[PDB]
Each structure stands twice: as structure tokens, then as C-alpha cells.
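Asks: If it helps, the file is called entry11.pdb and holds PDB, C-alpha atoms:
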```
ATOM      1  CA  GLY Z   1      87.891 108.959 119.049  1.00  0.00           C
ATOM      2  CA  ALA Z   2      87.423 105.279 118.291  1.00  0.00           C
ATOM      3  CA  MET Z   3      84.523 104.764 120.687  1.00  0.00           C
ATOM      4  CA  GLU Z   4      81.043 105.400 119.288  1.00  0.00           C
ATOM      5  CA  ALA Z   5      82.279 105.158 115.725  1.00  0.00           C
ATOM      6  CA  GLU Z   6      84.129 101.885 116.307  1.00  0.00           C
ATOM      7  CA  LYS Z   7      81.212 100.285 118.133  1.00  0.00           C
ATOM      8  CA  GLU Z   8      78.798 100.962 115.268  1.00  0.00           C
ATOM      9  CA  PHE Z   9      81.515 100.111 112.761  1.00  0.00           C
ATOM     10  CA  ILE Z  10      81.772  96.615 114.252  1.00  0.00           C
ATOM     11  CA  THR Z  11      78.003  96.224 114.164  1.00  0.00           C
ATOM     12  CA  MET Z  12      77.648  97.388 110.566  1.00  0.00           C
ATOM     13  CA  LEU Z  13      80.416  95.000 109.666  1.00  0.00           C
ATOM     14  CA  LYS Z  14      78.323  92.077 110.936  1.00  0.00           C
ATOM     15  CA  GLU Z  15      75.162  93.510 109.417  1.00  0.00           C
ATOM     16  CA  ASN Z  16      76.868  93.961 106.047  1.00  0.00           C
ATOM     17  CA  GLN Z  17      77.728  90.270 106.369  1.00  0.00           C
ATOM     18  CA  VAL Z  18      81.452  91.002 106.222  1.00  0.00           C
ATOM     19  CA  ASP Z  19      83.988  88.305 107.064  1.00  0.00           C
ATOM     20  CA  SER Z  20      87.381  86.945 106.014  1.00  0.00           C
ATOM     21  CA  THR Z  21      86.136  86.549 102.417  1.00  0.00           C
ATOM     22  CA  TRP Z  22      86.166  90.334 101.916  1.00  0.00           C
ATOM     23  CA  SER Z  23      88.580  92.984 100.663  1.00  0.00           C
ATOM     24  CA  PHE Z  24      88.670  96.614 101.802  1.00  0.00           C
ATOM     25  CA  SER Z  25      87.332  97.347  98.358  1.00  0.00           C
ATOM     26  CA  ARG Z  26      84.094  95.626  99.187  1.00  0.00           C
ATOM     27  CA  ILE Z  27      84.017  97.750 102.315  1.00  0.00           C
ATOM     28  CA  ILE Z  28      84.343 101.000 100.351  1.00  0.00           C
ATOM     29  CA  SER Z  29      81.933  99.717  97.665  1.00  0.00           C
ATOM     30  CA  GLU Z  30      79.243  98.024  99.770  1.00  0.00           C
ATOM     31  CA  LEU Z  31      79.619  99.628 103.194  1.00  0.00           C
ATOM     32  CA  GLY Z  32      79.829 103.062 101.682  1.00  0.00           C
ATOM     33  CA  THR Z  33      76.267 102.661 100.421  1.00  0.00           C
ATOM     34  CA  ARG Z  34      74.399 100.104 102.555  1.00  0.00           C
ATOM     35  CA  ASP Z  35      74.292 102.544 105.445  1.00  0.00           C
ATOM     36  CA  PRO Z  36      76.057 105.918 105.919  1.00  0.00           C
ATOM     37  CA  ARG Z  37      77.750 104.735 109.125  1.00  0.00           C
ATOM     38  CA  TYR Z  38      80.929 104.421 107.078  1.00  0.00           C
ATOM     39  CA  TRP Z  39      80.627 108.175 106.548  1.00  0.00           C
ATOM     40  CA  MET Z  40      79.328 109.052 110.024  1.00  0.00           C
ATOM     41  CA  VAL Z  41      82.788 108.154 111.208  1.00  0.00           C
ATOM     42  CA  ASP Z  42      85.230 110.114 109.092  1.00  0.00           C
ATOM     43  CA  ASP Z  43      87.155 108.101 106.603  1.00  0.00           C
ATOM     44  CA  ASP Z  44      90.470 107.091 108.031  1.00  0.00           C
ATOM     45  CA  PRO Z  45      91.324 104.374 105.509  1.00  0.00           C
ATOM     46  CA  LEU Z  46      94.287 103.216 107.555  1.00  0.00           C
ATOM     47  CA  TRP Z  47      92.256 102.894 110.755  1.00  0.00           C
ATOM     48  CA  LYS Z  48      89.327 101.418 108.841  1.00  0.00           C
ATOM     49  CA  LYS Z  49      91.774  98.914 107.403  1.00  0.00           C
ATOM     50  CA  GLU Z  50      93.632  98.356 110.680  1.00  0.00           C
ATOM     51  CA  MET Z  51      90.369  97.736 112.456  1.00  0.00           C
ATOM     52  CA  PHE Z  52      89.378  95.549 109.505  1.00  0.00           C
ATOM     53  CA  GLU Z  53      92.408  93.388 110.250  1.00  0.00           C
ATOM     54  CA  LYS Z  54      90.934  93.190 113.720  1.00  0.00           C
ATOM     55  CA  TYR Z  55      87.583  92.239 112.251  1.00  0.00           C
ATOM     56  CA  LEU Z  56      89.295  89.442 110.368  1.00  0.00           C
ATOM     57  CA  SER Z  57      91.463  88.275 113.257  1.00  0.00           C
ATOM     58  CA  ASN Z  58      89.061  88.886 116.153  1.00  0.00           C
ATOM     59  CA  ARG Z  59      85.902  89.965 114.323  1.00  0.00           C
TER      60      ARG Z  59
END
```
Now, as a test, write the supplied structure out as C-alpha cells.

Replies:
Amino acid sequence: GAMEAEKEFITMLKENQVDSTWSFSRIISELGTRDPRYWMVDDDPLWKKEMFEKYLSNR
């Protein structure tokens, strides 16, 4: 579910210094290596990208 995974995913997004000036390419390229949290939660690229739209709108 999108509980533990989402929570950490939001935190890693701040810690990876992600903001509006990012593509979901930079996520796969930088967040896929900086810390394996992007892999801890299984890769749903549509949810990762949906929630990324949340991280850009709400953050």
C-alpha cells in the first residue's frame, strides 16, 4: 500500500532536493541511485509519477 513507501518517498524527494525544476527522468536517474528507497517501494512508474505531480503541486 501507499503508506510506509509513500512516507519515505516524500522524504527522499526532499532529501534528493527535488522540486518543480525536475523531470521524472531525474527521478529515475538520481533517485534510483542516491538511496535505494526508490527500489524499496516497487516501481510503479504511474504512481511514482502521479505522486510526483502531487510533489510538484503540494510537495

Asks: Near stretch 31-41 of chain Z, counting all atoms listed in the file, which residues have an atom at most 10 Å away, once you skip same-chain residues fewer than 6 positions from it, shown as a list in words?

Replies: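 Here the answer would be residues 1, 2, 4, 5, 6, 8, 9, 11, 12, 13, 15, 16, 18, 24, 25 and 48 of chain Z.
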
Asks: Taking the file as shown, find all residues satisfying the PyMOL selection byres ((chain Z and resi 56) around 10) and write them as a ChimeraX atom specification.

Replies: /Z:18-22,50-55,57-59

Asks: Around stretch 13-27 of chain Z, with edges along x, y and z and 5 Å added on all six sides, what centre and edge lengths do you get, in Å to one decimal, as lines of an AutoDock Vina configuration file?

Replies:
```
center_x = 81.9
center_y = 92.1
center_z = 104.6
size_x = 23.5
size_y = 21.2
size_z = 22.6
```

Asks: As a PDB file, keeping the file's coordinate frame, please: stretch 36-50 of chain Z completed to N, CA and C atoms.

Replies:
```
ATOM      1  N   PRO Z  36      75.080 104.820 105.847  1.00  0.00           N
ATOM      2  CA  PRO Z  36      76.057 105.918 105.919  1.00  0.00           C
ATOM      3  C   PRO Z  36      76.910 105.923 107.185  1.00  0.00           C
ATOM      4  N   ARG Z  37      76.917 104.826 107.936  1.00  0.00           N
ATOM      5  CA  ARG Z  37      77.750 104.735 109.125  1.00  0.00           C
ATOM      6  C   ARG Z  37      79.223 104.817 108.766  1.00  0.00           C
ATOM      7  N   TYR Z  38      79.557 104.369 107.560  1.00  0.00           N
ATOM      8  CA  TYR Z  38      80.929 104.421 107.078  1.00  0.00           C
ATOM      9  C   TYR Z  38      81.361 105.869 106.855  1.00  0.00           C
ATOM     10  N   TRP Z  39      80.374 106.760 106.774  1.00  0.00           N
ATOM     11  CA  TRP Z  39      80.627 108.175 106.548  1.00  0.00           C
ATOM     12  C   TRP Z  39      80.385 108.981 107.820  1.00  0.00           C
ATOM     13  N   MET Z  40      79.548 108.443 108.712  1.00  0.00           N
ATOM     14  CA  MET Z  40      79.328 109.052 110.024  1.00  0.00           C
ATOM     15  C   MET Z  40      80.659 109.199 110.739  1.00  0.00           C
ATOM     16  N   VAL Z  41      81.411 108.109 110.768  1.00  0.00           N
ATOM     17  CA  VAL Z  41      82.788 108.154 111.208  1.00  0.00           C
ATOM     18  C   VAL Z  41      83.670 108.517 110.022  1.00  0.00           C
ATOM     19  N   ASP Z  42      84.436 109.589 110.170  1.00  0.00           N
ATOM     20  CA  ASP Z  42      85.230 110.114 109.092  1.00  0.00           C
ATOM     21  C   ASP Z  42      86.201 109.082 108.574  1.00  0.00           C
ATOM     22  N   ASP Z  43      86.409 109.126 107.280  1.00  0.00           N
ATOM     23  CA  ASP Z  43      87.155 108.101 106.603  1.00  0.00           C
ATOM     24  C   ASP Z  43      88.644 108.191 106.897  1.00  0.00           C
ATOM     25  N   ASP Z  44      89.066 107.382 107.849  1.00  0.00           N
ATOM     26  CA  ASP Z  44      90.470 107.091 108.031  1.00  0.00           C
ATOM     27  C   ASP Z  44      90.711 105.713 107.459  1.00  0.00           C
ATOM     28  N   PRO Z  45      91.201 105.638 106.223  1.00  0.00           N
ATOM     29  CA  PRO Z  45      91.324 104.374 105.509  1.00  0.00           C
ATOM     30  C   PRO Z  45      92.347 103.450 106.142  1.00  0.00           C
ATOM     31  N   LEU Z  46      93.273 104.016 106.901  1.00  0.00           N
ATOM     32  CA  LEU Z  46      94.287 103.216 107.555  1.00  0.00           C
ATOM     33  C   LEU Z  46      93.724 102.634 108.845  1.00  0.00           C
ATOM     34  N   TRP Z  47      92.910 103.405 109.554  1.00  0.00           N
ATOM     35  CA  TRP Z  47      92.256 102.894 110.755  1.00  0.00           C
ATOM     36  C   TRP Z  47      91.123 101.952 110.384  1.00  0.00           C
ATOM     37  N   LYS Z  48      90.392 102.287 109.330  1.00  0.00           N
ATOM     38  CA  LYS Z  48      89.327 101.418 108.841  1.00  0.00           C
ATOM     39  C   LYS Z  48      89.903 100.073 108.414  1.00  0.00           C
ATOM     40  N   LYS Z  49      91.130 100.101 107.917  1.00  0.00           N
ATOM     41  CA  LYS Z  49      91.774  98.914 107.403  1.00  0.00           C
ATOM     42  C   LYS Z  49      92.521  98.176 108.517  1.00  0.00           C
ATOM     43  N   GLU Z  50      93.051  98.933 109.473  1.00  0.00           N
ATOM     44  CA  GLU Z  50      93.632  98.356 110.680  1.00  0.00           C
ATOM     45  C   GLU Z  50      92.572  97.619 111.473  1.00  0.00           C
TER      46      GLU Z  50
END
```
